[PDB]
Structures are given as structure tokens and as C-alpha cells.
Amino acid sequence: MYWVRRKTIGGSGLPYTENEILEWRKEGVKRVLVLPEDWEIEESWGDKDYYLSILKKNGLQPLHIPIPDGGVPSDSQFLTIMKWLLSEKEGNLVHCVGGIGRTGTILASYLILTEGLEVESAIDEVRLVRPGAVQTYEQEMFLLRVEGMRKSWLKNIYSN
């Protein structure tokens, strides 16, 4: 795992053992945004519900928002994601399978929204700690759209 903004938001790949989850907890992770689809989780953990129970067992509060590999959140998903990440700001981990593409896209989105960074600046800020973050054309196009609509996203996120 890696911190983009220390003890506020970080990223990781999909754990294959409970040991890796304990390491998250030791690093200060409190909340986990789970991005892989069901089938990706069920390959390493048997059942999605079981994986999430192991997260809770280890004191982590999870939210599952499945994004296909190489893909991006839908608009409804993104609103949910950003409300989740900004509801409780400390100790947030985001993960996909590799920890690079989907994860890198959400982290970059977070910087674009909270700090007002340009897209290229946000991508490079994530690549500092996660080389190759943000992998696909669809992901880069998504980031351009978020940056262009930053004021509108913030308004919707902070409504209610």
C-alpha cells in the first residue's frame, strides 16, 4: 500500500492473505473503498461477502463500488465514492486488483476535486508513490471531465 496524502488517502492492490490486511491496519487504514468486481474478489476469497467480513473483522469499514478493469465509475458511483471519502477524511484506502489503474484514477479524481490540481499535475502526484497510475484512455478522459466540472461536483458532493 501507498499514501498519496499521508494518513488521509492511499491506495493498494487486492490482498490475497489476511496478513496484508493487518499491515493496512498497522499503517493507519480505517476505511476501505473496494473497487474490484465480484468475480475478481471471488477468485481470491471465495465469496465477496466473506472478503468484506474479514475487512470488518480487522476493524475496517468497507464500501464496495465495483468498477470494471480499465474502466471508470459511473456518475452515480462517483458521487457515492466522493461522499464516502469526504464523510470521514482520515485513514481512507482505495484498492482495485493491481492498485494502479482504477485506484490511480479515483485518487487522482480526489486531488482534482479537493486541491484544484490540473489533470496532469494530479496524475503525476499519484505516480510519485504509484508508478503507472491511471492506465487507460477511458480513465484519462474521465479525469478531464471531472476537472472541467469541479465546481458542479463539489456542489453535489456537499449537498446534504
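In case it trips you up, residue 1 is the first one in the sequence shown, and so on.
Should the higher mean CA B-factor in the entry be assigned to 103 to 111 or to 131 to 139?
Going by the record's values, the stretch with the higher mean is 131 to 139.
Read off the CA B-factors in the entry, average them over 45 to 53 and over 63 to 71, and name the higher stretch.
Looking at the record's C-alpha B-factors, the answer is 45 to 53.
Which third, lowest, middle or highest, does the CA B-factor of residue 87 fall in along this chain?
Highest third.
In terms of the chain's CA B-factor thirds, is residue 148 lowest, middle or highest?
Ranked within chain, residue 148 CA B lands in the highest tercile.
Can you tell me whether residue 120 has a C-alpha B-factor in the lowest, middle or highest third compared with the other modelled residues of the same chain?
For residue 120, the deposited C-alpha B-factor lands in the highest third.
Check where residue 37 lands among this chain's C-alpha B-factors and tell me if it's the lowest, middle or highest third.
Within its chain, residue 37 is a middle-third residue by C-alpha B-factor, going by the deposited values.
Quick one: classify residue 4 as lowest, middle or highest third of the chain based on its Cα B-factor.
Its C-alpha B-factor, which the entry lists for residue 4, ranks in the highest third among residues of this chain.
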